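Listing of my_file_9.cif; format and content: mmCIF, C-alpha atoms.
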data_start
loop_
_atom_site.label_atom_id
_atom_site.label_comp_id
_atom_site.auth_asym_id
_atom_site.auth_seq_id
_atom_site.Cartn_x
_atom_site.Cartn_y
_atom_site.Cartn_z
CA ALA E 1 206.15 57.18 86.00
CA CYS E 2 209.21 56.56 88.18
CA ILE E 3 212.66 58.13 88.00
CA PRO E 4 215.06 56.37 85.59
CA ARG E 5 218.60 55.35 86.54
CA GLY E 6 221.11 58.17 86.29
CA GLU E 7 218.46 60.85 86.75
CA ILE E 8 218.42 63.14 89.78
CA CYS E 9 215.82 62.42 92.46
CA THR E 10 214.57 64.36 95.49
CA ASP E 11 212.37 61.82 97.29
CA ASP E 12 213.27 58.22 98.08
CA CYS E 13 209.97 56.69 96.96
CA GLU E 14 210.31 58.80 93.81
CA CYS E 15 212.79 56.32 92.35
CA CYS E 16 211.65 53.18 90.53
CA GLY E 17 211.00 49.90 92.30
CA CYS E 18 213.62 47.99 94.29
CA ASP E 19 215.57 47.88 91.03
CA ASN E 20 216.51 51.53 91.49
CA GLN E 21 217.06 53.61 94.63
CA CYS E 22 217.43 57.31 95.45
CA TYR E 23 220.94 57.45 96.91
CA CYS E 24 222.53 60.67 98.16
CA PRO E 25 226.32 60.15 97.94
CA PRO E 26 228.91 62.80 98.89
CA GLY E 27 230.58 65.23 96.49
CA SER E 28 227.52 67.04 95.15
CA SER E 29 229.34 70.22 94.14
CA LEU E 30 232.67 68.54 93.38
CA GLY E 31 231.11 65.55 91.64
CA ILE E 32 228.28 65.62 89.11
CA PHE E 33 225.10 65.52 91.19
CA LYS E 34 223.76 65.13 94.72
CA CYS E 35 221.24 62.28 94.54
CA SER E 36 220.31 59.95 91.69
CA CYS E 37 218.73 56.57 90.92
CA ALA E 38 221.16 53.72 91.58
CA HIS E 39 220.84 49.93 91.40
CA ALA E 40 219.85 48.97 94.95
CA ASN E 41 217.40 46.13 95.55
CA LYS E 42 218.18 44.89 99.06
CA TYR E 43 218.61 48.56 99.99
CA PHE E 44 215.52 50.18 98.46
CA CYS E 45 213.62 47.12 99.67
CA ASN E 46 214.72 47.09 103.31
CA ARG E 47 214.20 50.86 103.19
CA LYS E 48 210.75 50.95 101.58
CA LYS E 49 209.42 48.18 103.82
CA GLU E 50 210.38 50.49 106.68
CA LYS E 51 209.26 53.74 105.05
CA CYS E 52 206.98 53.24 102.05
CA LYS E 53 205.38 50.14 103.58
CA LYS E 54 201.81 51.32 103.01
CA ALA E 55 202.25 52.29 99.36
#
Render the structure in this file as structure tokens.
Amino acid sequence: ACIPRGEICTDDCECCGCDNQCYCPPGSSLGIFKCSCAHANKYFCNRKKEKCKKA
């Protein structure tokens, strides 16, 4: 079970496939959250291939 879009995530590989990505945008205390699952294919992909390449 992966982390759905809009839900907070701690790890990067914790988020769903390339479809979603664990981004950590600014304004964590002033905004709504710190990191959550966001639509990022090319990102999560280019990232995973570099990090979660084995899994």
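Coordinates place CA of residue 26 (chain E) at a distance of 14.6 Å from CA of residue 9 (chain E).
Compared by their closest atoms to residue 36 (chain E), and using only C-alpha atoms, the residues E:49, E:55, E:14, E:5 rank with E:5 nearest.
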Q.
Please report the interatomic distance between CA of residue 10 (chain E) and CA of residue 22 (chain E) in Å with one decimal.
A.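 Distance reported for this atom pair: 7.6 Å.
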Q. Do you have the CA of residue 30 (chain E)-CA of residue 16 (chain E) distance handy?
A. 26.2 Å
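Proximity of E:20, E:41, E:29, E:46 to residue 6 (chain E), computed with all atoms listed in the file, is greatest for E:20.
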